[PDB]
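Colleague: Have a look at this fold, sequence not included:
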RNA sequence: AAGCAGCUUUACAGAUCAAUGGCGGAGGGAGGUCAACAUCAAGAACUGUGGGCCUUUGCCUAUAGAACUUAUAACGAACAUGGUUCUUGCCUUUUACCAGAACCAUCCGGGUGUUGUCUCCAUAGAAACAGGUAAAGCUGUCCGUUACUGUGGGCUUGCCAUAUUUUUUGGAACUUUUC
Ligand SMILES: Nc1nc2c(ncn2[C@@H]2O[C@H](COP(=O)(O)OP(=O)(O)OP(=O)(O)O)[C@@H](O)[C@H]2O)c(=O)[nH]1
Ligand SMILES: [Mg+2]
Ligand SMILES: [Mg+2]
């Protein structure tokens, strides 16, 4: 989703350059700009065990503005007549 | 508007047509924009590789310019108990600073000291990226009723609102393009005077290429240096051309026919001339 | 205007200024202003009645001056050309 | 073969002004000002002088059609066949132009274009000494790199006003393609960077200190110039100076009112962006892309600029350069910034007090001038001189004194006669004009002219005076030897190939030592000539002028070598003796303090707005004992008995006959110091200079008779012998110089550089600066000079042209060579680099054989040993204790 | 618009002639854009130097319109 | 950048409708795989004109114009061949050759400037007259609007503040001697 992700970068770049920031936070934010030119090669290591067709693609398209039912209740004990 | 006339000299184009010829020519384009890529590969360094009897590793190999190098002059000067060895003097050192590194430099032409370190940013992934854009890999810039003018005072160009025109992304790409793309005006050259494959052997080949081509890149450079080294200038008093003096004669007449007809006529004429 | 610009050209040049009071101050020009008030160095002063003295430094208000004499060479100064 | 120069008087290009009015402006010292353009490498300096010249001359014969269009820069001032081929300024060159500012007051200005390359930092020292103010031209992409940091610190030191040109603004948009708000931030980041280094004065575009320029496109402006052209009509005349104050500096404009905080409901940029950068980028955008007719309407409507019918049929880069030269006129705002920055009352007294001794102003009867350098200007040999007092005509006769004499001759002139100075005749005076000399009958006070007929009298600098009365000779001030910023360290030892061609070489070596000021040429006892230079490119410039220009013979040339220095790391019956026992000296040696050595390298002794220069460091012995006791914590006795500071070294009298008879010592003191100078110049290890050793005169014997003839001539070689005994006993070491490195590489190519620093021996990267707004970053590090042979091109071949380094010797960093110098068992492999523990033995043993001090068949090691100086019976006593190997 | 440049003179004893006949010499403290000049320890010079001279006041200000010329007696 | 005024024009109504003055006009415009003739590598370099010195040349000084080509140097962003000489290679003789050098040429091309020709398209003449060159209104005579207004366009313009100390909204007025 490069197009909106450029727009996330552009507003995030506007933070350092035109606005004052606390010091300890500031060197971590420009470190992200340093990893950007190193092309994210230190955030791309994980356990890709599943093939892209072995993982059945259930890309759950939920948003964080939905009330998400908070199903705590099935972790309790109940009584199967089933 | 584009050509001067049917004599077909002096073409003149516009921006849209020029970027269109640019995008078609991608296969045969030079595709290098900084001159610093040609650091030890320019022809001044080829002349010094010839004159000093050195071999640039991609460069061509030439006979010794001074074959009588065999003599050694006995002296205390260059002896091993004199010399301090820290860095081995590579041949690239001898070509880059030719009057420093090697004694007896003669018929040696000065090379050109580096052009400024070229950072030119091209955008190729998305046409919807604008002309002016803070590209990746660019370091960020971390930093930081009294008076009244008449209203409707404005900047100079403020009546025009768009900074980026639809042709600016093309025009800046034409601005850095190597000749002749940047020109958008020029004269006609002959069909054999355009050297399409010239830029290929004027660049470094590859690592992946086999040793069969890598010689063929060297042999074409060796031809290229010898043409540049010995220029044969034309004389100005050559006013009698062959076709023009034959045209003045009553025994030669002029017409227009097809090329393949003119080829078959020449094969029949040439067969009769020998027979 | 050009006439004042010319006065800047005079600067550092021995110039003669006649006051509307009648005096004459001839000497070097230290400074000038758009107002036209001129201050001189090593001026030889001529009173209106002719008595001549010598003053180390001087400043004269612009309004007072009747005319200024500037170096003849200035005439071909670059600014003057119409086109 | 040597220069492209116009030799005919008739072919000298005419100016737009008459040029006679310019010569009459030379009568006025206040009218003429001398600006020297200095900067980093390839920053557009010579191209900046291209703009001044072609706007001053009506038609140049040298200017071609690719030059008239935007295709190739016309490098007028580069001038030399050597410089055309490198594409690099090698020599100082200049022009003298009449220039008009915004207020249209014409004033004559002498320009000097200093070379940007860091090996030619000696040439810019000539430019700093010549110039009233310096115009420091900055690449906007590189920003403030470290070589900019030195130039801004030097011009503060030389009491020279500064004016800054940010150059190559096209690269900000045509190369880097920054959005306009980002480019403001780039410009704001640079101006913040220069303001941190000028501690005295803020530099800001409102202040008229800072000039924006894009030289290849050939336009320059200040914000004051740009308002007066195009915004002066629209606003009332009282408002204009207040308006341009609001222009830069984060205050915003919309519908007639200014406010510091951002405008609500409005997408807004700062005022400098809205009024300057946004129209400038629309000029770049529309000259490249807009239809020519619709562009032609905007230029009449907004800039009142008519495009020609011929100018419509241009290529895009010539059309862009043409429009910007129509919008931005001749360089008035640059000239205006030069005028407003220079204050002669503030600095001209301090500058002459810096180049000479501080004193009262010499009278106007004295002719008094400073001869900067000898110039190999086209077809002849000219002296570059600047006149500080009096009037000079052709055919005059002038006392011309070399500045190496001026230490004694000034110190003599205090005097609590005749034949003082050689007299040469002023043969011919000319104004430099780049590619030509305009001959002139007389040369007034304040202007820089070229004089033929004075170069035979001096080497590397001179003072030039014609005095009227003998009493006025008491007042006159001599010029100090010129401070070239880089010390010459790189060694080349050259022998002519044909021995019969030797005196022709000696002519050229005397000839080069005039033209190249930074070069130290010496002759050794072996007949081999040693040349000291700044770097690789400096030597390659040196040897081409040697082989091709000056001496047509061929020469044998050694490898790259470096000057070493000799020191000690510990303090050390310590005594010395001669053949005839009438004299006995004892000398101790000690390492000097690291802060003490570092400040003496800075040519002044002190700390915290209190410092004493080395020239008058003897003249305040009470104040000197205050500084040594307070700042460095020495003893009170050691503070009072210091005799002399020779370069990086010190002598202290610590003896009991000084408590007995110091007046007997005082009549012999001046030649102990003369013998001390005779010992530091050639040390005991390898005939190399001594650096950073605290000498203590432990004792001195006076024989039972006084002969002023014999005792004087005998103690001078024996004190030099006695200093060796102190140093060799005191655990001697060998020092090597350290280049500091300034690498500019793209950000992905940084691990290539880090591996490239590991292949060298004593290299370390100390600081890595993200150059903002650019994909490249600055790397600051160090390298030994003996390791920096071909360091410059190894970097580039590995980075494929995206890397560049500047090697320089600003800070005089001398570092201990990692071996032990007295190792009889050090393994020196032939034809390979010796390992790290064998280095101090190797560098001395080879140096002793270049000099001829140690003579072996192939490799015989008689090390620098404490037995040829001390008696051999005492040397066997030293072996049994384990003190001496 | 532009301030007159008296800057070097200030703190120096100065003689200046005002309007028709009068000459006044005093230390000069302040100047403005109209040239109005205020100087302290003012004295009105006349033919007889010690005699007809009379001091004016501790502080005196002068309209710039009546100034004909200013000469500083001093460095 | 609007408006007003000034300037320039303009479709003009004009003053004159004379002598005038300005700008234009006194034998086209675009072309051609058309031609001829000049010219195209040198103190970083050219030519015309005026003045002075020596006695034409040459120098010095003043002035006017410089097309094309050239600086990481060359008409050509391209790139062959031959000759002589020297030094190699191949190794039965020669020719053809190997691949450096030095000096010369040939060949395929190119720019520019004049003049002529050819093709296509043209029509207001006042394009009327008289002189002459290697060239032309080259010159004289001349004709178109017209030199002084008002409307309508453009700006080489006003500095947009027009009375309150440095300029243009008054420190002015009056009387006296000498000659
Ligand atoms: N893009 C760009 N390049 C420029 C500009 N000015 C100069 N250059 C180029 O930068 C290089 C160096 O320019 P120079 O004129 O040699 O500058 P310099 O500072 O005199 O250089 P040195 O001789 O090294 O001292 C050349 O290739 C120029 O064409 C500019 O404004 N923009
Ligand atoms: Mg330069
Ligand atoms: Mg036979």
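Modeller: Nice, I can see it. Residues are numbered from 1 along each chain as shown, chains lettered A, B, ... in the order given. Ligands and ions are numbered 1, 2, ... in the order given.
Colleague: got the contact list for stretch B:198-218?
Modeller: Residues from elsewhere that reach stretch B:198-218, judged by Cβ atoms under 8 Å, 6 or more residues apart in numbering or on different chains: B:30, B:32, B:37, B:38, B:41, B:58, B:59, B:60, B:61, B:220, B:221, B:224. Where you see a C-beta, it was placed from the backbone N, CA and C, and this is true even at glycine.
Colleague: End to end on it, go ahead and measure it.
Modeller: 13 Å (Cα to Cα, to the nearest Å).
Colleague: Could you list the buried residues of it?
Modeller: The neighbour-count check on stretch B:198-218 (16 or more other Cβ atoms under 10 Å in any protein chain shown) flags B:201, B:202, B:217, B:218 as buried.
Colleague: next one: stretch D:656-671
Modeller: Quick answer for stretch D:656-671 (16+ other Cβ under 10 Å): D:658, D:665, D:668, D:669, D:671.
Colleague: tell me the two of these that are most distant?
Modeller: Within the buried residues of stretch D:656-671, D:658 and D:671 form the most distant pair, 16.1 Å apart (Cβ to Cβ).
Colleague: near RNA strand F at all, stretch D:236-249?
Modeller: Yes - using Cβ under 7 Å from any atom of the strand, we find that stretch D:236-249 touches RNA strand F at D:236, D:237, D:238.
Colleague: Check whether stretch B:256-263 comes near RNA strand F.
Modeller: No - Stretch B:256-263 lies out of reach of RNA strand F by Cβ under 7 Å from any atom of the strand, never closer than 8.9 Å.
Colleague: Could you check that stretch and say which residues are buried?
Modeller: Buried residues in stretch B:256-263 (16+ other Cβ under 10 Å): none.
Colleague: so how far is that stretch from its chain's centroid?
Modeller: 36 Å (Cα atoms, centre = their mean, to the nearest Å).
Colleague: what does it rub up against?
Modeller: Contacts for stretch B:256-263 (Cβ under 8 Å, 6+ apart): residue B:265.
Colleague: how much space is there between residue D:492 and residue B:97?
Modeller: 12 Å (Cβ to Cβ, to the nearest Å).
Colleague: what's the answer for residue C:39, then?
Modeller: 60 Å.
Colleague: which residues in chain A form helices?
Modeller: Using DSSP state H, the helices found in chain A span residues A:2-18, A:23-37.
Colleague: For the residue of chain E found nearest ligand 1, give its distance to residue D:241.
Modeller: Relative to ligand 1, the nearest point of chain E is residue E:2 (35.8 Å; Cβ to the nearest ligand atom). For residue E:2, the distance to residue D:241 (Cβ to Cβ) stands at 10 Å.
Colleague: quick one: which of those two has more around it?
Modeller: Per other Cβ atoms under 10 Å in any protein chain shown, whichever of residue E:2 and residue D:241 has more neighbours is residue D:241, with 12 against 9.
Colleague: hmm, back to that, redo the contacts of stretch B:198-218 as JSON lines? Include secondary structure, distance to residue D:645 and neighbour count.
Modeller: Formatted as JSON lines, those follow (DSSP: H, G, I helix; E, B strand; the rest coil; distance: Cβ to Cβ, whole Å; neighbours: other Cβ atoms under 10 Å in any protein chain shown):
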{"residue": "B:30", "secondary structure": "coil", "distance to residue D:645": "61", "neighbour count": "15"}
{"residue": "B:32", "secondary structure": "coil", "distance to residue D:645": "56", "neighbour count": "15"}
{"residue": "B:37", "secondary structure": "helix", "distance to residue D:645": "52", "neighbour count": "15"}
{"residue": "B:38", "secondary structure": "helix", "distance to residue D:645": "51", "neighbour count": "18"}
{"residue": "B:41", "secondary structure": "coil", "distance to residue D:645": "52", "neighbour count": "16"}
{"residue": "B:58", "secondary structure": "coil", "distance to residue D:645": "55", "neighbour count": "15"}
{"residue": "B:59", "secondary structure": "coil", "distance to residue D:645": "54", "neighbour count": "21"}
{"residue": "B:60", "secondary structure": "coil", "distance to residue D:645": "59", "neighbour count": "20"}
{"residue": "B:61", "secondary structure": "coil", "distance to residue D:645": "58", "neighbour count": "14"}
{"residue": "B:220", "secondary structure": "helix", "distance to residue D:645": "65", "neighbour count": "15"}
{"residue": "B:221", "secondary structure": "helix", "distance to residue D:645": "60", "neighbour count": "20"}
{"residue": "B:224", "secondary structure": "helix", "distance to residue D:645": "61", "neighbour count": "17"}
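Colleague: In TSV, list those along with distance to residue D:346.
Modeller: TSV is the format used below for the contacts of stretch B:198-218 (distance: Cβ to Cβ, whole Å):
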residue	distance to residue D:346
B:30	54
B:32	51
B:37	49
B:38	49
B:41	52
B:58	58
B:59	58
B:60	62
B:61	64
B:220	65
B:221	60
B:224	60
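Colleague: These: which two are farthest apart?
Modeller: B:30 and B:61 (25.2 Å).
Colleague: Which residues are in contact with the residue lying farthest from the centre of chain D?
Modeller: Distance from the C-alpha centroid of chain D, by Cα atoms, centre = their mean, peaks at residue D:265 (53.9 Å). Not one residue lies near residue D:265 by Cβ under 8 Å, 6+ apart.
Colleague: On the three-state scheme, it is what?
Modeller: coil (DSSP: H, G, I helix; E, B strand; the rest coil).
Colleague: Dump the contacts of stretch B:198-218 to TSV, plus distance to chain A.
Modeller: Below are these laid out as TSV (distance: Cβ to the nearest Cβ, whole Å):
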residue	distance to chain A
B:30	26
B:32	22
B:37	21
B:38	26
B:41	28
B:58	29
B:59	34
B:60	38
B:61	40
B:220	36
B:221	35
B:224	38
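Colleague: The residues you listed: which ones sit near RNA strand F?
Modeller: residue B:224.
Colleague: Go through the contacts of stretch B:198-218 and say which is closest to residue D:506.
Modeller: Distance to residue D:506, by Cβ to Cβ, is smallest for residue B:59 among the contacts of stretch B:198-218, at 38.6 Å.
Colleague: quick one, what contacts the closest one?
Modeller: Contacts of residue B:59 by Cβ under 8 Å, 6+ apart are B:40, B:41, B:45, B:46, B:49, B:218, B:221.
Colleague: Can you report how many residues neighbour the first one?
Modeller: Counted with other Cβ under 10 Å, the neighbours of residue B:40 add up to 22.
Colleague: Over to the residue in the stretch 1-150 of chain B positioned nearest to chain A. Which of the three states is it?
Modeller: Per Cβ to the nearest Cβ, residue B:137 is where the stretch 1-150 of chain B lies closest to chain A, at 4.1 Å. For residue B:137, the assignment made with three-state DSSP gives coil.
Colleague: thought it was touching residue D:748?
Modeller: Yes - counting by Cβ atoms under 8 Å, residue B:137 touches residue D:748, with 7.5 Å between them.
Colleague: Spit out the residues that contact those two alike.
Modeller: By Cβ under 8 Å, 6+ apart, residue B:137 and residue D:748 have these common neighbours: residue A:37.
Colleague: Who has more neighbours out of these two?
Modeller: residue B:137 (17 against 14).
Colleague: for the closest residue to the more buried one other than its chain neighbours, what are its contacts?
Modeller: Computed as Cβ to Cβ, 6 or more residues apart in numbering or on different chains, the closest residue to residue B:137 that is not its neighbour in sequence is residue A:37, at 4.1 Å. By Cβ under 8 Å, 6+ apart, the contact list for residue A:37 reads B:136, B:137, B:139, D:747, D:748, D:775.
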